[PDB]
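First structure 1, then structure 2: two forms of the same chain, each alone, as structure tokens.
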Structure 1
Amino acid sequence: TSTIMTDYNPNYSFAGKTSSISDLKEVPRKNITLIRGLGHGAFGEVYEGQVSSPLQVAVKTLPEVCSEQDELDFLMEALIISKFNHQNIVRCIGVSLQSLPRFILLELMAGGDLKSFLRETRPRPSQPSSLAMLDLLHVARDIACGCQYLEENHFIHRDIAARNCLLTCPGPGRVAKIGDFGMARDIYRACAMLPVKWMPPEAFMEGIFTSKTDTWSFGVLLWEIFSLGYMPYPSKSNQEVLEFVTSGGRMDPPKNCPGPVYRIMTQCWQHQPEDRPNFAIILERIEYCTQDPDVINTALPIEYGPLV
């Protein structure tokens, strides 16, 4: 049992209901086995694990060497993810906070993060039809569905970006889900690290956030998706992007991007928040793109390399 989690005992409210550490589902430590590291994420290394044939999970761990504020951050992360209920948001199996190091147990996303996926699964001479337009539109729909759920529930994400989206598996039938809430977590509990390149004009100027903030960011996510994992605003630094965007500058279409898809991006990037579509409208426009043969029959560019 943690001293400062129990000393502070923060409440978390979502959708008009309040929760605390006692609502989290504590899984006995003896039921949890770590299998392998999966890379660096929230709070450091994320691990593949199994609970109690067993349940496969991703495990975030809290470093035993950490501040009181890191502890509170970890608790709040558990509270936030445990209260969401949507198929396009990673599930929380539970927590193990009463042994050290402390764990949060999450849905295992075998496909990894979307940015790395797009970069590694780009069409190439060795894998010429590794992805098609419809694969990209399905990822877009999946994430817009998760964002619509957050909007409906008045939760502002603030960091919708390909790096924070995960895939259930690499192969066909993959489902994309929002897999990080670290920015929202920090804001709930209270610059060279802000995600400037995903932020609308009114964000870094006035510090005003609404769900139309997430709409802007979703537009940038769409560019990330249809570019196959390029960094937004190629060649521009954070301050160059800030000045560019606040003066009306917008990204060009990604290579081979169909016009109807690019038009969704440019609507998401309307200077005035009121002119930006909500996620219901974004979903309708993604569906229309998905039904249009000229969109879905467009070939993605082949990135040059060897046959092996």
Structure 2
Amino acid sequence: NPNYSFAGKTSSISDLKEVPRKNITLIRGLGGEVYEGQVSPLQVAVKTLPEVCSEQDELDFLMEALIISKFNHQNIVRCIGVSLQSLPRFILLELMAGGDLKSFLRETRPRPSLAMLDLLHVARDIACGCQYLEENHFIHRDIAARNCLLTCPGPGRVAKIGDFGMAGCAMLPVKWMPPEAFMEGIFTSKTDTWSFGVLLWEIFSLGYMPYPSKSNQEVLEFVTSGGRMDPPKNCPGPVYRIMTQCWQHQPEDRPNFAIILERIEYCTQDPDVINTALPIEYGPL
């Protein structure tokens, strides 16, 4: 893994707070496996390492805790502690009661709630987290709505970057990947920029699958030939323009996340943008 060597040298197991297993209570499943837990009371999310897994997974599990614990930013999920001295091993994580962003968007579509400014705040939150990660030379490699988490559903919600770790050629999230990534296996901060553009599309489409009527292979051929997605319905031009800049064919021509964050902030200053009505779904279609 491209992050293990650096994290291993510059972060200690002693940095991880071992919580006695007796003080941890699993309350319910949320979605290895992830539970809502309680520490004696702190409310937490608990990721488990299934006992059937291997020694490579042992490393992967420890490294997830070490890597998360390395960061300190409001828009990146917190590691709260660990319980590695008991089986199955736990990682204790910030509980995000809003759930994943993709599910949130699909379930909160306006029906016969959300406003444009709400979407912009989510995008700003994640862009803020990405800028922090870029500034610390960390390449996420799977920026997507499915890996973004929300503190709560209502106003004042905060979005944060996580990684559920779901990512052969059939497992590649090709629809979030720039050409140099899915053709050459090259990952940089500018490949995260591309993915963020696709995340923006997800957000302002209110949770549609990217390239809705296309398979992965069709997208591969589409994108390598210069093809790009059209704007989501009712998407403001300034927002779409950010997407298309994230999707420049050459990474050198894509903005960094400092620029992306600035441009999103500018959108929140434009009444014509934030007063744009989101589309409304008519049941009978």
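Reference numbering: structure 1, starting with residue 1. Residues that one form lacks are left out of the comparison. We call the rigid core whatever largest set of C-alpha positions still superposes within 1.5 Å between the two forms.
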item: Moved residue between structure 1 and structure 2 - picked from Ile21, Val295, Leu300, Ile286, where its Cα shifts 2 angstroms or more relative to the rigid core; value: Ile21
item: Between structure 1 and structure 2, C-alpha offset at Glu152 (rigid core aligned, Å); value: 0.4
item: Large-shift segments between structure 1 and structure 2, meaning 3+ residue runs whose Cα move 2 Å or more when the rigid core is superposed; value: 9-17, 20-23, 181-184, 305-307
